[PDB]
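Next up: just one chain, as structure tokens, the form deposited in one PDB entry.
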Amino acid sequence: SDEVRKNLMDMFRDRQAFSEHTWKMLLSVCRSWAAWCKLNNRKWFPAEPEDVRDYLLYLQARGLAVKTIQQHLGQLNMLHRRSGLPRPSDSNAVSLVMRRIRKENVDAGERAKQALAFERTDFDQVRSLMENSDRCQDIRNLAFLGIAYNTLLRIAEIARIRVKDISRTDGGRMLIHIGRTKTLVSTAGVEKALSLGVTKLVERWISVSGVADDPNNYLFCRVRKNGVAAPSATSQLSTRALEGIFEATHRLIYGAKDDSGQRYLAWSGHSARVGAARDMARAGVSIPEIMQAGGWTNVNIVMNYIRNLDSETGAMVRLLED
């Protein structure tokens, strides 16, 4: 149509209104779909119910995850609705097939995974293992971890911290102002406070790295093979890198990741959030305080991130034995 093409360019025009990752994915999915449509001879747009149905069944067949499969379907939906046409999910065949695949895969045993926990226990060990190392890069990494566990911020969030977003409490603790997270985009943002210990781990890095010479410099920067920080206010350390710190720190204590092709074999971006949640639950922290901690507003996820004490567990075991 014409109004359709219009609504599309209007979406593309102000494509900044959406996330970079959202577009990265709309595209990725669109190629995948286009490819399949072609190799199967189907009009990829508008997408017809039965075609999106065979297509999802196809992805299921390729052994992809339910979340993965919902993503393509999801993106196809965004493309159509946003353009003014009905959603392929607005059709019985697509909406029902999607339900079916979830149920079928779940039953066959599939289940969503989640970052391996990086809990308090681990932090201490890692700290009493790098606490000294004058190595300018060990200084950095030990601060990252400290901040990641203390604030539960997501990596992409830590990466965007500038030196100017730091302040303090009359008590001497640091306040890192976070402006944009995955769930909030406001000019009011939020303030995450660090403890006396971690605020310390961060101060040492701020000097050693000399990132503080310009308030607009991102807090964390890359350190080259000679051991020299490269402060900057244009380029922030990549999330791929922040994930690396977790992998490296994990390898530094457990060594080579058991080549099994599986994810979460070592710590990663989210390892600190799940870990931190788990540490609060055990500590008896309340539901509202655990939400403030990770910027959540629903008990769920915190619940997913839990399957606490394994061995001699607790709670009912502690209650029964006494």
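Superpose the two forms; the largest set of C-alphas matching within 1.5 Å is the rigid core. All residue numbers refer to positions in the sequence shown, first residue = 1.
We do not show the form deposited in another entry, though everything after this point is about it.
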{"item": "Flag for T22, CA shift 2 Å or larger between this form and the one not shown after aligning core", "value": "no"}
{"item": "Cα-Cα shift for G314 and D122, closer or farther in the other entry, minimum 3 Å", "value": "farther"}
{"item": "Distance direction in the other entry for the C-alpha atoms of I290 and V317, relative to the displayed form (3 angstroms or more)", "value": "farther"}
